[PDB]
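Structure 1 and structure 2, given next as structure tokens, are two forms of the same protein chain, each shown alone.
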Structure 1
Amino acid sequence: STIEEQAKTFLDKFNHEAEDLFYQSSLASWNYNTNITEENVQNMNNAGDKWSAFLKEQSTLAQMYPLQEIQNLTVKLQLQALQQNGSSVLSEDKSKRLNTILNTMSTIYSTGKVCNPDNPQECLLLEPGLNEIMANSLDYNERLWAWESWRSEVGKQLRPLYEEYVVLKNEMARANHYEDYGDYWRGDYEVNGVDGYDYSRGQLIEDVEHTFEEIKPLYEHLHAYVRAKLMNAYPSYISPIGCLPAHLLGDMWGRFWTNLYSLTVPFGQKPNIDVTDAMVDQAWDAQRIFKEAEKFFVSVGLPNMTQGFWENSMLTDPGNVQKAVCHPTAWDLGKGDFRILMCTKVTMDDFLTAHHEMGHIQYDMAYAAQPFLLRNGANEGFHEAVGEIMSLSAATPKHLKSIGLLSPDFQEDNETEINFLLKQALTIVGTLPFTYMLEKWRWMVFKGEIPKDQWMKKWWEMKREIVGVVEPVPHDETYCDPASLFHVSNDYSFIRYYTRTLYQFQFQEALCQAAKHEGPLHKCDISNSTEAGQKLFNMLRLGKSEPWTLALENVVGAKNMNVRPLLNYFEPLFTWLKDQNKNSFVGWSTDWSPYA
């Protein structure tokens, strides 16, 4: 037997065992997420132990077969993937310690609760107690309370754990010959030896910052407009030259400004492009929402959900009896098993999210036939981009009219257009400076550029300088405000939410050309265009058998992030903002703060 014949035999063995074991583990994980009980946690922990041990041993075996002696590229790719050491480089004690730190941080975040200063017998959690305050409260003091209580009760707990987390993650990353843990995270975009399609880990920083430059003016004008309208809603609390207070941005961190639309809508007289009221008036429930999403995906030629999807998915909150992890998630268990977990509410946010998660599922179904390790998105941002282009078409007023959430006698005009673009900007454009700034702070911390005694110093400086947001209360180094967000204290890389946003508009531009769309890009809906569906499927079915650069170039004819489609999307709103801000100040001073 040749080296490659042995490799083929091994990979068939590994794939069979991997499928069966991964299916079993995902069943345990589903049980825990749908039903939070100690027994279910036990089973999931043991499943995870087995999974990681399996992958360690198979990676060790796959080390035998040298890549240079392998000529089959599909085989070579699987081998390349299976040969990465990962976290196995740490000692058993150190690896156990790091696992315990991650578990502790997760438990702290999920069980974290704050109690009212007076009558401290009744307390509030993040989900839902504090989240609804941050989303709907119009009281400066109540919002500030929720923001500061959450960051003090929970962040200060995570501060020492985060400190050790940095050391141990950096040790693992450097042991795998990465510069730091941030470099290890940037590895996701790396491409090697593909004859001009290569992409280096250092290149991602340059690309992110170069595109953020072009983002900066549109964000500045959106920011100035938002600041003006926030003064109308919190009188005496906002300076017309200052940063925005961090507790008045519509959620617990200002990650999205979506919830500000009601305070910032430019033309209230025109009919509401937020279709929540229409959905409620028409008595929509989660079944209706998901059937509508299924109908959308069929209209472009894609398969509708399997019977197993409608039998096994969890589309509503089970009740007070059993708790669940209500983070919207699209599950690909293998063996033709696809599910969605979403505690679905009758809102536009959940209508668009349903479309997004079903996009994840359509991606997964498309690449099901690939080998195990290749049944993945091309990079960490490809899946998010895939879901986001679905919601792009779903949010358009033309689409809402076609499904009846706008009246049949509804007419687009430049004002409703401005409303739509502003609401889009609040989510999409608002999240970019936030996401770039958070990931940059993490990257610098991992690189060692921010000493511990300056962590909360630097972070807030960056928040003022880049995001244009200012803390209402001064925060010393007892705090860990970044860790007060799920993704930071649960060890998720965050830059994907930046790269997603650029990919999405590139995909949308391309698909709309496939649908022969005439008009501005922001009027485009791909419904009923089996051509666009086909174009997107040709990339979806790839899995990650090809590097992300080539997979992108197959749909959009570009090998990299491009920011131009995003700007073209928002160009009319940019113009309108520039005119609306002609008397306002544009920019902000890092020196103004609420407390001083």
Structure 2
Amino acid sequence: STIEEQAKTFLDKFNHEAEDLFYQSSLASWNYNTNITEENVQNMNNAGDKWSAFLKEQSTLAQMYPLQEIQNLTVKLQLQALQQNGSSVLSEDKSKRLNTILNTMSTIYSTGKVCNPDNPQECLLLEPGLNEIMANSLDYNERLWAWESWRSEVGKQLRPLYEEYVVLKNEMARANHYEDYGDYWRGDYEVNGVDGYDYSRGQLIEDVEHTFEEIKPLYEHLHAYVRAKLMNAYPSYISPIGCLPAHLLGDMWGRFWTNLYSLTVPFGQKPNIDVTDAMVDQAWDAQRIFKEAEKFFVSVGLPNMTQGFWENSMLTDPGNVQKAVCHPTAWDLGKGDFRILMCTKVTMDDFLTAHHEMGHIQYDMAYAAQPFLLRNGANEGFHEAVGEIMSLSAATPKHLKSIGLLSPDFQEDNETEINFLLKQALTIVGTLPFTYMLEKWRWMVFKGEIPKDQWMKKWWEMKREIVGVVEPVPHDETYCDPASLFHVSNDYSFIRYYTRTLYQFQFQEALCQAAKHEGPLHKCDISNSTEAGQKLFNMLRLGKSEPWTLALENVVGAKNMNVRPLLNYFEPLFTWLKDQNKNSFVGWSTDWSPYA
């Protein structure tokens, strides 16, 4: 028996063993997440520890089959995915050191508190205390106090840990034969040995930067309109040519500009479409919301939900004494067990989230027939892109009018179109320079292009230049402001939010063309289009079995990330923005700061 035949038989055993061990751990995790008890936290840990131990042992056995003697690519994909050392290429001492660093940074972030001057007992955590300030307060000094205190008391604790974290992650990555830890992260997009579909780790940098140049004009005009509006609210705090103060952006970091809508809304007399009142008027419950979402997917040719979905999911707060983690989640437990966990209220927001989460389920169901290790999105940005396009269609006035929640006597006027597109751009476009800027700094740190004694200097240089945002207080190298964001202190890659944003509009544009939608892309609803459903399913059932370049070509006809669909979606706003900014300054000087 050849080495490839041995790997096929080894993967055969793994798939059958993993399927049941993963199911047990998912079952125990589910029971804790829907019923919080001490008994459940232990059972969740015991089943999780066995599954992790099983993975650790199977990774070692897989390393005894060298990839160099395998030709069948679908075998090489699974063998490689399981083979990956991870932290286990380091000595046990450096691994243990690194795991201690990771757990301390996570604990500092989640238990970091800030107390108000003159009451050392009135203290706030990030969630909900500081986040409430940064999303709701209009008082300049309150927002400034929360922004600076978070970074001065929690960020400074993270600075020495993050330095050591960089050193150990880079050793781990270089021992796995990557240039650095950022190169390791870019490996999620790597494709090799498929003629015409290959993709290198360095090509991601070039494609992100190339497509970001095309985003700059829309962002510059969004930045200029937002700055002018804020300058009217805060005339003594905002320069007409300067960057936006970092603490005036709607959350703790300006990751999203969503909460600037009330001060920036173009036409403040035309109300939002808010369909929650009609839902309560018609006595909708959670089951109706998820039944409508199921109808939506069935209308485009996708299967209905399984019987176990309706029996085993948790679609309402259990309420009472029995407690549950209510963050909406789609569960793929394996063995044909698909569930949604969601404390659904009767609101338009939760109606859209249900379509989003059921989109995840449809993706999970479609690649269930793939081998265990290929049961995932084509790359890190596919799953979330599939979930987002479902709420795009479900939220349109056309769709809300066909399900009887939006009055037939509501017609779209262009002023409500601009309000909607501006709300969308505050969240979707606003985050793109923030996301690119943050990952770039991490990539340069891991690469070694930024010395330790210039980490914060370069962080705020790039914030000013790329994002148009300025720090309200100067920060020396005792700060670690990037680590004050969850994803950085908790060791999660961040470019996925950039790539997913471009994918979702490529998906939506392709699906809406297959649905023969006429008019602006942002009004499209793919309901009742089995042609759109088939084009999406052709990608969904691939899972991870094909290169992401090919899976993307299945839906959109192109092999690469493309920014044009995103620009097409926001074009009505772009034109209106450019006319609004005729007598404002467009662009920003980087030398102005609020501390003068």
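Residue indices: 1-based, along structure 1. Between two forms, the rigid core is defined as the largest C-alpha subset superposing within 1.5 Å.
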Practice prompt. Fix the rigid core, compare C-alpha positions between the two structures, and report which of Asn170, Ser137, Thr431, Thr347 shifts by 2 Å or more.
Written response: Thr347
Worksheet entry | Exceeds or equals 2 Å, Cα of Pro328 between the two structures, core fit | yes
Discussion item. On a rigid core superposition, would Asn581 pass a 2 Å threshold for CA movement between the two structures?
Written reply: no
Fill in: Core-superposed C-alpha of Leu552 shifting 2 Å or more between the two structures
no
Item to complete: Superpose on the rigid core and then read off how far the CA of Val114 has moved between the two structures, in Å.
Response: 0.2
Worksheet item: Taking the rigid core as the frame, how far in Å does the Cα of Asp277 move between the two structures?
Response: 8.1
Fill in: Value in Å for the CA shift of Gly404 between the two structures, taken after the core is superposed
6.3
